[PDB]
Amino acid sequence: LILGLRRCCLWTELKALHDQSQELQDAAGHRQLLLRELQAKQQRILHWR
Amino acid sequence: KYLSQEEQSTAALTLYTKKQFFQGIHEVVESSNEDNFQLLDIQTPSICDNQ
Amino acid sequence: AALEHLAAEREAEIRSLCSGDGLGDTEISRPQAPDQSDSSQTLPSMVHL
């Protein structure tokens, strides 16, 4: 009973850890997808100069 | 009769600068310096009257 | 005569853009593009973001 209780803790906790880690990695990916526009606009300003 | 009028036309083309360009250049062109376009290192002090 | 007319045309073409002060003189700032209203989204400032 104790071993199965701990297993049922750990498997779903690991799944939730994957879900939250990938959600925040998707947030960081959206952050970098905004960052690419920033650097491209910076080279546009440099070419304007 | 013509050339001086062109100079007056030239006198037009200067006046749009000091009205707006030497306002606008003094807004973005003067603030397009390379000291404030860097990213992820913003602890450097920007060039402004209120440090 | 026609060259004088076209020099006057160029001078008045510059004068039309010089005459952009016909708008309301209340807190004169942000020289914007001619009819720049739709793309002028209220981006929040340094503090408001």
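Residues numbered from 1 in each chain as written, not as in the entry; some residues may be left out. Chains lettered and ligands numbered in written order. Part of a larger assembly, values for the part shown. Heavy atoms only, no water.

1. Quick look at the overall build of chain A
Stage number 1. Across its full length, chain A carries one helix and zero strands.
Stage number 2. In terms of overall dimensions, chain A has a C-alpha envelope of 70 × 10 × 5 Å along the principal axes.
Stage number 3. Across the 49 residues that make up chain A, the buried fraction comes to 2%.
Stage number 4. When the accessible surface of chain A is split by element, carbon and sulfur atoms take 62% of a total near 5000 Å².
Stage number 5. Positive and negative side-chain charges in chain A, numbering 8 and 5 respectively, have mean positions lying 8 Å apart. (Helix = DSSP H or I, 4+ residues; strand = E, 2+ residues; numbered from the N terminus. Buried < 20%, exposed > 50% of the residue type's maximum accessible area, 1.4 Å probe, protein only. Areas by Shrake-Rupley, 256 points an atom, 1.4 Å probe, with all protein chains shown as cover. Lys, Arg positive; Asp, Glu negative; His and termini not counted. Charge placed at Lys NZ, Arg CZ, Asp CG, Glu CD.)

2. A closer look at the overall build of chain B
Stage number 1. Helix and strand content of chain B: one helix and zero strands.
Stage number 2. Since a compact globule built from 51 residues should have a radius of gyration of about 10 Å, the 19 Å found for chain B marks it as more spread out than a globular shape.
Stage number 3. Along the first, second and third principal axes, the C-alpha set of chain B runs to 60 × 20 × 10 Å.
Stage number 4. Per-residue burial for chain B yields a buried fraction of 14% across its 51 residues.
Stage number 5. As displayed, chain B offers around 4300 Å² of accessible surface, 57% of which is attributable to carbon and sulfur atoms. (Rg over C-alpha atoms; globule rule 2.2 N^0.38 Å.)

3. What about the interface of chain C and chain B?
Stage number 1. Counting from both sides, the interface comprises 14 residues of chain C and, opposite them, 15 residues of chain B.
Stage number 2. Buried surface at the junction of chain C and chain B, summed over both partners, amounts to about 1200 Å²; 57% is from carbon and sulfur atoms.
Stage number 3. Joining chain C to chain B, the criterion identifies two salt bridges.
Stage number 4. Residues B:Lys1 and C:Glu4 are paired through a salt bridge, measuring 3.6 Å at the closest nitrogen-oxygen approach.
Stage number 5. Taken together, the residues of the side of chain C that touches chain B break down into seven nonpolar, two polar and five charged. (Contact = heavy atoms within 4.5 Å. Buried area = accessible area lost by both parts, 1.4 Å probe. Salt bridge = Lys/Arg side-chain N within 4 Å of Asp/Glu carboxyl O. Nonpolar A, V, L, I, M, F, W, Y, C, P; charged D, E, K, R; others polar.)

4. What to know about the packing of aromatic side chains
Stage number 1. One pass over the full model with this rule turns up one aromatic pair over all chains.
Stage number 2. Here the aromatic rings of B:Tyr16 and B:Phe21 are separated by 5.9 Å at their centres, their planes lie at 80 degrees, and the arrangement is edge-to-face. (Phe/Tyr/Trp six-rings, centres within 6.5 Å; stacked < 30°, edge-to-face > 60°.)

5. Considerations on unusual backbone geometry
Residues and elements named next belong to chain C.
Stage number 1. Even without being a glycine, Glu27 presents a positive backbone phi close to 55 degrees.
Stage number 2. For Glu27, the location among the structural elements is in the segment after α1 (2-18).
Stage number 3. A relative accessible area of 78% means that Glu27 is categorised as exposed.
Stage number 4. You will see that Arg30, though not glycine, has its phi angle at about 55 degrees, which is positive.
Stage number 5. Tracing the sequence through the fold places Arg30 in the segment after α1.
Stage number 6. For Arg30, a relative accessible area of 49% corresponds to the partly exposed category.

6. Observations concerning helix α1 (residues 3-29) of chain B
Stage number 1. Taking 1.5 Å per residue, 27 residues should reach 39 Å; α1(B) reaches only 33 Å between its end C-alpha atoms and comes up short.
Stage number 2. Within the span of α1(B), buried status applies to B:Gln5, B:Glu6, B:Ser9, B:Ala12, B:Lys19 and B:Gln20.
Stage number 3. Along its buried surface, α1(B) packs onto α1 of chain C. (Expected span 1.5 Å × (residues − 1).)

7. A look at the side chain of B:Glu6
Stage number 1. Within the secondary structure, B:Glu6 sits in helix α1.
Stage number 2. A relative accessible area of 16% places B:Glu6 in the buried class.
Stage number 3. A polar contact of 2.9 Å, which involves the side chain of B:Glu6, links it to the side chain of B:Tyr2.
Stage number 4. Setting aside chain neighbours within four positions, we find B:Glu6 in contact with C:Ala7 and C:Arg10. (Polar contact = N/O pair within 3.5 Å; in protein donor to acceptor, adjacent residues only side chain to side chain.)

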